[PDB]
């Protein structure tokens, strides 16, 4: 209950500077690519082999895996700069904007802007613009510049709304069998976004486009971590509302999805990360 994770829009100009800089040091040092690599590797670790589920997505472990992923990322930020925490992108109130692409998350001091359609939607404003920041493909080889193309697809012309978030929060079951992209009455799968998708989390991905629009390479965009810090906040809220409800499956789901299974590529289990305050951080909304 010590590290405060703040709304992106409520950050000072100096917090934005410090956060963007630290991400660049992680990337210069070779550390950032550990996260890209981990994310792609998890998407090829199917539970069970030959299943549609993987360690990080499309199953029950979606939420705690990303919680652990962000915790490691944030710990790496703090070794470079202890006054830096992982902010969250509250996309559901950007969606209420007249033009959500006008949100200050996309200003040249922070994430940078939409892609340049003259440059095949390469990003050229902000600290991760082409030239300043090199992306990596699934094979681990340099893949050019970061790309974004906001709202360009028919399936996801808008960010999720606050009504979308509130409605996912009424769901009482953390997850339901068969613990996959077809789970019904499942807050995991509703938040993940496969319920007549892409909704919520999956929709944000498709709305941003570029690397963000395909899951394995999505973390090539630093906004991936801000996005998932929002998802993690929403999960943390659901845990406060539905305090009697617990992770599922407790047991007899596929190996790597049960409460006490290790989450590849780590030994960390869902149980280890069930209490976010226990990991040493809160979201600013929990404190007024």
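Positions refer to the first chain, counted from 1.
Legend: mean Cα B-factor per stretch from the PDB entry, 242-250 versus 219-227; the higher mean is in 242-250. Between 203-211 and 131-139, it is 131-139 that carries the larger average Cα temperature factor according to the deposited entry.
For the set 233, 34, 66, 29, the PDB entry puts the maximum C-alpha B factor at 29. Residue 5 sits in the middle third of its chain by CA B factor, as recorded in the PDB entry. Annotation for residue 74: CA B-factor lies in the lowest third of the chain's modelled residues. Per-chain ranking of the deposited C-alpha B factor places residue 162 in the middle third. In the deposited entry, the Cα temperature factor of residue 194 sits in the top third of values across the chain's modelled residues. The PDB entry assigns residue 14 a C-alpha temperature factor belonging to the highest third of its chain's modelled residues.
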